[PDB]
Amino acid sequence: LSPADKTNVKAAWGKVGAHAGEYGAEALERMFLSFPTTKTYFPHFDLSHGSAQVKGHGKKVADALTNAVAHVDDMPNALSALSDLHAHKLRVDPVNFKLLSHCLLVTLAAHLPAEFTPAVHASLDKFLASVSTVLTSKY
């Protein structure tokens, strides 16, 4: 990421703060409804609105993203274990990372109107595409 993008991502994620988990759970719910093909990766999950399993999983996704923001210059190393899980174990189709990234952007636009400027939108899209590249690196 470029210095301008790093600064935009750190500033936007700071405003997200303690609500990261909530936003993560909402992004997953938006993905399951808009793109039903993504549901096949979670047969062992309760996928109903306001599910405790979706809330719990949304927190884990958000924690991984918060750790990626803090380690923005060393993302492949910080997310190494997650790459093995998604690519080797779960065999997640790479197109699904784009679908989740889009749903996270929609979630942030709906909750942070003053923060979601065109410049910040561009930086967050670049950050999520970098995260997706690391998670599919084993392919």
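Sequential numbering from 1, following the sequence displayed.
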### Query
Comparing 85-93 with 100-108, which has the greater mean CA B-factor as deposited?
85-93
### Message
If you take the mean CA temperature factor per stretch, which one wins between 29-37 and 70-78?
### Response
70-78
### Task
Among the candidates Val9, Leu128, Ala122, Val16, give the one with the maximum CA B-factor reported in the record.
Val16
### Summary
Temperature factor at the Cα of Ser2, chain-ranked in thirds, falls in the highest
### Message
Split into thirds by Cα B-factor across the chain's modelled residues, where does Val54 land: lowest, middle or highest?
### Response
middle
## Note on the structure
Binned into thirds over the chain's modelled residues, the C-alpha B-factor of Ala64 lands in the lowest
